[PDB]
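Letters go in sequence order (proteins before strands), and every chain restarts at 1. Atom set for the values below is all heavy atoms of this structure, side chains included, hydrogens, waters and symmetry mates excluded.
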Amino acid sequence: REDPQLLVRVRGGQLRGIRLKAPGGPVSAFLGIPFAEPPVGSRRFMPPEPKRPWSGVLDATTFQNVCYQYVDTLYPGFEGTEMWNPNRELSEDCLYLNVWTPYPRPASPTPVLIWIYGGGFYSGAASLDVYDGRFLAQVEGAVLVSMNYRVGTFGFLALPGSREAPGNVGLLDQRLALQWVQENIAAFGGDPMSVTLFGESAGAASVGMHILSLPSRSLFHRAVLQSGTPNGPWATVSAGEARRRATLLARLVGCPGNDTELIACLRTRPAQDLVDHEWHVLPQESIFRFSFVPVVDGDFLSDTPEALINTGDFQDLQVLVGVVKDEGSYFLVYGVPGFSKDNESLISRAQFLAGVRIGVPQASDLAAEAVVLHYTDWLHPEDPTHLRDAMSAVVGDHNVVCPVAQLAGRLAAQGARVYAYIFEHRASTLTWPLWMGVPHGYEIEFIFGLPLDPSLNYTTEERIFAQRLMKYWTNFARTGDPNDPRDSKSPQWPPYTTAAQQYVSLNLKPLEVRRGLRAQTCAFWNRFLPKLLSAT
Amino acid sequence: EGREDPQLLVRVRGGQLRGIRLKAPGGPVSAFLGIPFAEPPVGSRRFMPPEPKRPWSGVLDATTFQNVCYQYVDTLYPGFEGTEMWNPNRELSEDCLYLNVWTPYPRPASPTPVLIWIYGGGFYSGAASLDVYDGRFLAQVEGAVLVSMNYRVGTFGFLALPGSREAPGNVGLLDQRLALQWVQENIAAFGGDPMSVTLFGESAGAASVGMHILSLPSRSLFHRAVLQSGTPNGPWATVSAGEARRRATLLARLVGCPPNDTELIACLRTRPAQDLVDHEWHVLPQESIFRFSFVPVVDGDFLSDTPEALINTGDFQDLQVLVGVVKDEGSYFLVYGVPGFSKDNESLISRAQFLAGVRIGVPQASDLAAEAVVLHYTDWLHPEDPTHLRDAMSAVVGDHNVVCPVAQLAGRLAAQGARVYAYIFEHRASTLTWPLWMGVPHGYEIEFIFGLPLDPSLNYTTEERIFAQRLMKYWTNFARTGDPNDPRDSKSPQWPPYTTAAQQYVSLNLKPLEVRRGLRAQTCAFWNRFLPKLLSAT
Ligand SMILES: *[C@@H]1O[C@H](CO[C@@H]2O[C@@H](C)[C@@H](O)[C@@H](O)[C@@H]2O)[C@@H](O[C@@H]2O[C@H](CO)[C@@H](O)[C@H](O)[C@H]2NC(C)=O)[C@H](O)[C@H]1NC(C)=O
Ligand SMILES: [N-]=[N+]=NCCNc1c2c(nc3ccccc13)CCCC2
Ligand SMILES: [N-]=[N+]=NCCNc1c2c(nc3ccccc13)CCCC2
Ligand SMILES: *[C@@H]1O[C@H](CO)[C@@H](O)[C@H](O)[C@H]1NC(C)=O
Ligand SMILES: *[C@@H]1O[C@H](CO)[C@@H](O)[C@H](O)[C@H]1NC(C)=O
Ligand SMILES: *[C@@H]1O[C@H](CO)[C@@H](O)[C@H](O)[C@H]1NC(C)=O
Ligand SMILES: [Cl-]
């Protein structure tokens with residue numbers, strides 16, 4: 001006897017989901033729904049094609065394969081790195097999506113939240129424990145969707161102008177999943193007329209690229225960009241740079257000269273051979289730089305995100321944007337000498353100068369000197385704790401905080417309704433050292449509501465805090481406003497404007513309104529540093 | 001002699017002098033005013049180094065101030081005390097090389113530490129005869145022997161054709177040096193100790209003090225130094241030989257002296273003094289503020305290298321220095337040449353007026369350097385706020401010309417063995433006639449250090465009188481011991497030495513001493529470390 005709540009018919013055919021247990025009650029989950037033809041063989045590097053219809057009842061009770069990617073080996077056995085590693089088998093046959101809905105299915109159309117994971121466009125999976133949509137579905141009545149999209153060479157290797165490897169195919173995988181939601185989410189009780197995209201890091205940069213790409217704009221109504229932006233120094237490469245990186249990668253794997261022959265030879269290569277050389281194509285020694293990322297193709301991205309955010313009309317848009325307290329701290333242990341998760345990472349002045357060259361790899365000698373002079377505390381210029389913290393701030397400000405301030409400002413000046421935040425709470429369970437503070441991605445578990453599971457050992461304060469964040473995010477998805485039409489005791493979260501520059505602190509204390517998101521420092525990155533590059 | 005006050009008759013190397021008994025609030029003082037220390041630098045002697053005054057016959061009357069060195073007079077605000085207190089108060093003349101001595105009455109029984117005052121006025125103005133430089137309070141209250149000299153200013157003191165014999169440059173600094181040599185030889189006759197000489201000066205006077213620290217022949221003439229709101233390093237105190245040559249050549253063309261250095265200088269010597277003064281402001285390379293036409297030149301003689309190079313390589317182990325700044329160094333300079341600024345209104349300016357002001361205030365800045373300044377000083381939370389823009393403009397001028405050259409000097413001196421004490425003076429005189437927005441302008445600490453509030457007729461508050469006494473004590477304890485702290489008063493907060501490690505300085509105001517750290521540390525790293533690199537590369 002089948003559960004009729006677990007039986008759904010979508011355009012491709014019948015699906016069978018699973019009844020999952022959330023702390024407050026059951027939820028319906030439809031996991032591993034195919035949204036595209038497997039992008040394998042001749043389809044490697046090609047745009048996704050819609051999944052052909054299937055016969056019978058497709059089993060949607062388990063997560064599907066993770067898109068082929070590099071697996072972190074930096075610290076084996078360690079939860080801090082391993083919680084981000086694939087938790088299902090790696091395969092190029094990975095274009096599946098997941099749906100969580102209340103149990104029983106909503107009676108009236110419910111706002112939809114679509115999650116786009118991060119992982120520097122080279123990693124990630126919609127199946128990670130921290131992206132579990134059951135708490136939002138059960139507590140807030142949300143319809144949550146998450147898709148896998150191609151990463152690394154598979155999703156972003158490009159030979160711009162070619163038909164066989166046009167670039168941005170991982171973003172086209174995301175778009176195809178958004179199209180799938182428009183066409184099929186009503187069958188799950190979701191409202192296709194109320195779709196909110198939310199993502200973190202490369203997922204937030206992806207959300208921003210859907211805001212900037214006109215064919216995606218009819219597929220969603222609101223957006224959340226957590227610790228990532230389409231503008232900035234890592235999220236995109238020029239066509240010339242993508243071409244150089246693809247050509248070098250092909251040379252490294254013995255390929256093959258026309259694009260057709262090069263791409264055909266790359267298609268014969270085992271997936272692990274491409275992954276084995278993907279990190280060898282970066283132009284300089286660097287951190288917070290990824291080999292295969294979205295390309296300014298003149299197609300998905302008609303111009304650079306910088307040009308599109310300056311000239312765009314965003315009147316019809318509501319956006320929630322923010323950062324964590326220590327955006328850059330993870331990136332330091334990965335490639336800056338003197339940094340380690342196993343010690344306090346107290347560094348010398350020489351190590352700070354060398355770190356700035358790795359952290360700002362495009363910087364000339366004069367630009368790197370300007371960074372060092374701005375971030376040095378001239379009262380304590382040799383203090384190792386100050387230097388360690390300044391190094392973390394350089395990386396986080398350059399890559400995330402100042403591109404976010406730039407984006408928030410441009411969106412607000414061009415008609416968008418913008419809400420901004422800083423997330424400052426460090427999870428009690430965090431296994432990374434205290435010096436790393438709140439690293440990138442450690443807000444996600446709170447927004448998804450993992451502290452609501454009593455077996456995960458978060459504090460009572462953390463459980464109450466997670467409930468407050470779930471409410472801000474779902475109130476934003478429902479209304480374009482994170483404010484509750486009920487709690488007059490907590491201060492209101494004001495929209496971010498170019499005039500007042502208001503943002504809120506998200507921590508265990510009630511919301512606090514602050515003005516100017518690193519205003520002086522971000523004028524250095526956003527206004528001065530470009531001028532120092534343009535004239536040199 | 002016979003019927004005169006026997007306490008006022010003194011002999012010096014050049015001959016006999018008769019001084020005057022002056023009244024200070026607490027009692028009498030001896031003053032020997034208008035003592036000639038050089039041959040009048042007139043006629044063929046114009047632009048030439050000073051020659052020592054030849055001996056005179058009879059008793060020279062030293063009872064009144066002598067002539068002020070020929071200079072530009074500010075007539076912008078008729079009757080305004082704010083400008084007029086700095087204007088000449090005696091006849092303008094090229095015959096101006098005289099000095100003044102104040103001592104206790106009767107003269108000290110044992111050798112007393114000497115304080116030598118060098119006035120400021122951008123190397124184009126000033127006089128040792130101004131009321132704010134009155135040595136009688138320090139002589140009476142502290143028992144000090146105070147000396148002040150007139151030195152040539154403008155073209156007369158600083159016009160140079162480097163390499164020429166007739167106009168070698170720095171002759172105004174040589175006038176100061178000749179007065180220091182005069183003190184070494186003659187001050188014992190007044191009860192002064194030639195083995196305990198402290199130089200103190202403000203603004204161009206402080207820059208002059210710094211140049212005596214950096215010029216070896218002056219080093220044997222003093223033991224300690226006070227630099228108030230001025231330094232030898234920085235953007236206004238010196239010019240290169242090439243720049244001095246360009247300015248002198250242009251001035252000569254402007255007065256009808258055309259093209260050989262001998263002929264040019266000989267023609268400049270035939271010109272009336274007022275003709276040179278009338279054209280001296282026309283030779284500046286750009287529209288600017290805090291820039292003076294005729295200043296010390298890096299000649300390879302008085303200054304063997306640039307002050308920047310000499311402060312970086314110098315050994316200052318044997319030296320004790322007191323250095324500091326006022327709260328609003330740049331505010332006066334804005335009313336003089338920045339559009340939108342006035343002493344008669346609040347001077348609330350627009351962003352456009354701030355950018356134009358930065359070009360005038362940092363005249364050497366390229367487009368990129370000027371934008372770095374604007375971006376650093378803008379409050380990005382209120383980028384168009386007129387009060388912040390007005391205050392940022394004042395801070396740009398003050399930091400670039402005084403605060404950051406002072407921090408640079410204090411750091412180099414301390415790292416190279418000197419004992420340094422640093423301060424910020426934050427008290428605005430209750431009597432001040434400049435508007436409140438101008439805060440504490442440059443030079444408005446001088447009247448407190450000289451002890452003018454001790455005179456009940458000047459209308460300072462009781463707190464100001466107590467504050468002046470405290471400052472007079474810091475300055476004279478520094479002159480006596482190389483330490484401004486009183487050893488028999490450990491109850492009062494101590495003034496710690498400035499070091500590269502702790503960067504400690506004190507606030508001088510009506511409240512007891514407060515110790516602060518980092519003299520505008522972040523902002524001065526911008527001016528002292530970044531901006532030179534922005535010039536050196538682009
Ligand atoms: C403050 O005054 C200045 C100077 O103006 C003069 O002095 C005034 C007190 C009054 O007597 C005026 O009639 C005088 O002209 C003003 O600065 C000028 O502003 C204009 C327009 O912005 C500009 O084109 C000029 O170059 C400026 N001139 C100078 C000498 O600065 C200023 O506008 C006044 N500010 C305020 C807030 O009223
Ligand atoms: N860039 N890349 N990062 C991959 C490393 N894995 C991590 C991810 C995130 N946060 C991390 C924090 C610490 C360590 C690894 C992390 C957030 C987005 C998902 C990927
Ligand atoms: N530079 N120059 N300034 C000449 C104008 N006179 C003034 C002086 C000083 N302070 C002033 C403050 C306000 C107005 C004129 C001033 C201190 C040094 C002596 C000269
Ligand atoms: C921290 O650990 C790394 C490990 O390679 C080491 O290089 C660094 O010197 C250590 N720092 C301290 C302060 O011990
Ligand atoms: C929670 O703590 C208990 C020990 O009290 C431990 O057995 C359990 O595994 C912890 N849970 C997690 C998710 O770490
Ligand atoms: C001092 O105050 C009196 C009024 O009590 C006034 O007439 C005089 O002009 C003032 N003098 C000074 C120097 O301010
Ligand atoms: Cl780069």
Side-chain angles (χ1 to χ4, degrees), chain A residues 349 352-353 356-357 359-378 381 390 394 397-398 402 520-536, chain B residues 231 233-240 243 285-291 306-309 311-312 330 351 354-380 383 392-393 395-409 411-412 519-537:
Chain A
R349 185 137 188 91
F352 174 62
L353 308 165
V356 166
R357 300 324 296 260
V360 199
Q362 72 268 56
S364 60
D365 286 19
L366 183 67
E369 279 171 339
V371 172
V372 162
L373 301 168
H374 182 85
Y375 280 87
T376 294
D377 181 349
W378 291 98
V394 164
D397 295 347
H398 170 57
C402 299
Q520 286 317 105
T521 291
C522 291
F524 168 77
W525 292 103
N526 300 344
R527 304 166 194 259
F528 183 70
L529 267 221
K531 283 171 184 292
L532 205 55
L533 261 54
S534 77
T536 302
Chain B
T231 57
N233 52 297
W236 56 270
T238 62
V239 288
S240 66
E243 186 58 7
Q286 311 89 15
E287 182 185 358
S288 52
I289 58 169
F290 223 134
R291 294 297 182 269
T306 68
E308 183 197 274
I311 75 168
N312 294 345
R351 183 138 189 92
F354 175 61
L355 314 191
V358 166
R359 300 324 296 261
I360 301 159
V362 195
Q364 76 259 58
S366 59
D367 285 21
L368 183 67
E371 255 312 306
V373 172
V374 161
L375 301 171
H376 182 85
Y377 281 86
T378 294
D379 181 350
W380 291 98
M393 191 64 250
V396 164
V397 176
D399 294 346
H400 170 56
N401 293 293
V402 181
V403 186
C404 298
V406 166
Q408 176 88 340
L409 179 69
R412 298 310 309 208
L519 190 51
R520 206 143 303 174
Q522 284 320 104
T523 290
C524 290
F526 168 77
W527 293 103
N528 300 343
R529 304 168 192 263
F530 183 69
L531 268 227
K533 285 182 186 278
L534 206 53
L535 171 74
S536 276

Do A:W525 and A:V394 come close enough that some side-chain heavy atom pair is under 4.5 Å? yes
Shortest non-hydrogen pair, A:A367 vs A:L532, comes out as CA-CD2, 3.6 Å
Tell me, with the steps shown, if A:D397 and A:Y375 meet side-chain contact (heavy atoms from CB on, under 4.5 Å). CA-CA 11 Å; A:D397 295 347; A:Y375 280 87; 2.6 Å; yes
Quick check: closest heavy atoms across B:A370 and B:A365, and the distance to 0.1 Å? N-CB, 3.9 Å
When you look at CD of B:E287, are more than 12 heavy atoms from neighbouring residues, nucleotides or ligands closer to it than 6.0 Å? no
Distance check, rounded to the nearest 0.5 Å: B:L519 atom CG versus B:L409 atom CG? 11.0 Å
Could you check whether any side-chain heavy atom of B:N401 comes within less than 4.5 Å of a side-chain heavy atom of B:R291, counting everything from C-beta outward? yes
Less than 4.5 Å apart, side chain to side chain, heavy atoms only: is that true for A:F528 and B:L368? yes
Step by step, work out the side-chain contact (heavy atoms from CB on, under 4.5 Å) result for A:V371 and A:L529. CA-CA 9 Å; A:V371 172; A:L529 267 221; 4.1 Å; yes
Between CG of B:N312 and CD of B:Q408, what distance do you get to the nearest 0.5 Å? 6.5 Å
Are the side chains of A:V356 and A:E369 in contact, using a 4.5 Å heavy-atom criterion? no
Sub-4.5 Å side-chain heavy-atom contact between B:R359 and B:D367: yes
For B:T378 against A:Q520, the heavy-atom pair lying closest together: O-NE2, 2.9 Å
Is any side-chain heavy atom of A:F524 less than 4.5 Å from a side-chain heavy atom of B:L375? no
So, do B:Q364 and B:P285 sit near enough that their side-chain heavy atoms are less than 4.5 Å apart? no
Can you tell me how far the OG1 atom of A:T521 sits from the CG atom of A:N526, to the nearest 0.5 Å? 10.5 Å
Show, in sequence, the C-alpha distance, side-chain angles and deciding distance for B:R529 and A:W378, and conclude whether the side-chain contact (heavy atoms from CB on, under 4.5 Å) test is met. CA-CA 11 Å; B:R529 304 168 192 263; A:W378 291 98; 3.4 Å; yes
Would the distance check show the side chain of A:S534 and the main-chain N or O of A:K531 forming a donor-acceptor pair, the cut-off being under 3.5 Å? yes
Any side-chain to backbone donor/acceptor pair from A:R349 onto A:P381? Under 3.5 Å, distance only. yes
Does the side chain of B:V397 reach to within under 4.5 Å of the side chain of B:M393, using non-hydrogen atoms? yes
Working to the nearest 0.5 Å, report the span between CD1 of B:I360 and CD of B:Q286. 11.5 Å
Should we count CD of B:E308 as having more than 12 external heavy atoms under 6.0 Å? no
